Each structure stands twice: as structure tokens, then as C-alpha cells.
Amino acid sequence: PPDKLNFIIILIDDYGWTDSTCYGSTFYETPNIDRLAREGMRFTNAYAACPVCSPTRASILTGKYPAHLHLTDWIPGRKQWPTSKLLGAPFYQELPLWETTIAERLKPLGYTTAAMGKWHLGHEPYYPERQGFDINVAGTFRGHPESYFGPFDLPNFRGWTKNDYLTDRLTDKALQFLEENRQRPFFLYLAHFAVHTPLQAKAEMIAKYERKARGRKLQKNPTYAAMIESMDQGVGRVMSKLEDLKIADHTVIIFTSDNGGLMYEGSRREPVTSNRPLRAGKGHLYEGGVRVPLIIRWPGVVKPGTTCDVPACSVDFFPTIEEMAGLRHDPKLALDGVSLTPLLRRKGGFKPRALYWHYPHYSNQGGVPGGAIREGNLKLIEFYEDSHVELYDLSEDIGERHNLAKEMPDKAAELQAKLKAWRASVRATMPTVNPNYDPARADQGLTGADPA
């Protein structure tokens, strides 16, 4: 007969567009992720459907936009500033069980399914076992690890010692799943806790990067760089286990991020990484917070070493996988993604389209309520506090410094209206004018509030 495809999604947490060597970094050292890029297709215009953790994770699994899911902030969300211009919108504190995940869709084709690492889509019963997965390892309502060192006390991930590194032990448990299901068709959602705060790593590895951090100016944080090395080791271990088991040939790998790099977590004087050239990072609707790494190895279909400039989003993985597994798109599902198989096959037929964002919240990283649309090369951001819009040309201004909104006031009007129409198509919940808005004491004093 043929060879049913396996699927691994490797999802690094808060991993920036430029936090890998094959994406421009000179600090961070990511040799395995590089080998994956050389073995596959690297996407220059890949996006996360939301600039914070929970909703992007909900996007990936459902093929639906966060605004459409009504899960639009990280759970449970920034505390309300008592005096801001806006009251945050309410949202589901869980990925609802009535949403279909890619795991549920594969199950009936004989797939074994596991979610391992960061869940952050609600308390149990909204955990993975009740959402298409056979195995949960380390998933909870939590959006971060208490520590990167043992002992541990998480679901099916219980106990090591103060000398055991999380990223290392999580990887062993994922290898365990590969070893167990070596002969079966499987889907693995591998969501590292890396590289979310708190910054902790092996001392010897930190030392390496302090020696390199001298007069670096930009990407400067040794602990973080070490987190990335320990993460990159975990990725090689997966890649090379697939070799030892003689199934790399028919296993699809998708390597990406749930949002852009952290840089100025709420009133902290130091940034964690930098996304230059891109403006800002995690918690913002600027490209820093939404443009992410995306590498796809599909041995024998994706010509290795290729790249793709076409904009892709978290919503596209559901239908991509569905089609990779020989499934008819269910017309009752009403997803927001399209399949990337035409791009991966370097064939044509990939219809040109718009991407949408909707973040009716204040973020912990300086972000403010807004939405955005990207059509071809132009990108409009709408700021919900005062309805003002910014428009950038990302072919000429990837760093979003020159605002064209005054210069091209009709493309601005066109895109704002296209975005408003989408907001309606999905009944995006909007924020509200705060009755206790007091401009005097409305500054929340988060160091991320752009200037760039």
C-alpha cells in the first residue's frame, strides 16, 4: 500500500522572527533549526493570528481566527487599568469543546494524537484529552512554567530533580511518544514552554553567551540565548530520532511560533530580545508581534532549501494538514485558513487574499486595543481608543516607520472598510468606552508603549 503521513507541529513560545540564525540573528545559535530550513521551505512572511499566546494556539488547532473563536487575549488576560480610555472585551477563558481541532479531524483516519508542553486553553475539562488528543503531557491552564528546573508536577510529567532542565526532559517525553508509535500514523502538537519568561538556563551555557554579549548592543541576553540553544538541541533530537526510526521520509514537520519575540514585559527597564528590523514585539499588532518563523519539511514534496514570500497565518495549518492527509474540506466547518500545499509544491492556484487581526485588549508588553489587515504589500492598523489608522508598505518599510495613511487616504479608507466588513463577518466583540476614563491617571507606565 502507500505510507500515511505523520505530522509534528513544533511550536516555540514567544519565538521572534529574528531569533534563529537562518532568519538573521548573529547572537543566537540554532544549527538544527537551520538544518531543517536547508531540508525544507522557510517562510519569510509567516504570521501568528494574534500577538499573544492563547488565541494563536486556538487558531492553529481550529483553523479559525481568534475574533471568530471569541478567544482574543491570552487567558485570563491583563488586569483592567481602572482609568484607561477602554474596557477590554470579554472572551472565552477556554478553547470551547464545540470547536473541532485538527486532532479530532485526524482521529477517524487511525491517527494517534498527543499534545505535549504548553496548553494554555483553559482548566480541565477544556484540556487536550477532551479535544481530540489521546495523551496530554505537561499541558495545564498555565501559560508559563513555574521553573525550568525540576522537580516537576504536571499531568503525566511528574518529578525529576532541581538538576533536570524542562526543555530537555519534555524532549525525552516526546521521543518517548515517537518510540511508542514508531509504527503508527501520528500527530504530535509539541508546544515547548521555551522561550516564555521566566529566563532560566544551564549556568555553563549562560557563561558561553556572556562572553559573546560584550558590546553587542542589540540581542544581548545570555540566559535567553541559552534557552534558544537548549530548545534547538531538543529540535535536533526530534529530527534525528525520526532518522533512527526510519520514518523521517513520511513525517511532515511544521516549526513555528505562537507570537513575536518578547521585548519589555510591563515596566521592565530591559528588553528580552529584539525583532529589528520589525517594529516592537509580543503584545503589539506591529510586525514584531505577529511575524514569526515558519519552516516546513515534507520529504519528497518540498524541494529542500526553498523559501516563500507569500503571507501565511496560524489559521492555514488546519486545512493544510487536512489536505496533506487526503481529507475533503468539511463545508459545515467554516474555517478562516486556506491550505499551503500549492506553495509547498511550488505550484500555482493559491488565491491572493487578506489577513486579519483583532486584539480588543491592553497587553502586558505596551500593546493597545486595535485590529489590522494585510493585503498584498500594504498593512493597516486601526487603534480602537481613538479610531486612528496607520498604513505601511512592508516592501519599502518592513520596520513600519513611515505611515502612509495621510499620503494615500483612500487606500487607508478602503482597507479600514475591508477590515470593518471582516469584523462583522465574524461578530468580533469590540471594546467599550470606560466610564472611569481619567486622562491624568490613564498612563499604565508599561515601558513597551512604542516609541518603536
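Residues carry their position along the shown sequence, with the first being 1.
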property: Average Cα temperature factor in the PDB entry - higher stretch of 428-436, 21-29; result: 21-29
property: Mean C-alpha B-factor comparison - 216-224 and 337-345, higher one; result: 216-224
property: 207, 252, 294, 135, ranked by C-alpha B-factor: the highest one; result: 207
property: Largest Cα B-factor, entry values, listed residues 417, 67, 405, 61; result: 405
property: Residue 412 CA temperature factor, ranked by third within the chain; result: middle
property: CA B-factor placement of residue 40, once the chain's modelled residues are sorted into thirds; result: middle
property: Assigned third (lowest, middle, highest) for the C-alpha B factor of residue 167; result: middle
property: Among modelled residues of the same chain, the CA temperature factor third for residue 200; result: middle
property: Modelled-residue ranking by C-alpha temperature factor, third containing residue 362; result: lowest
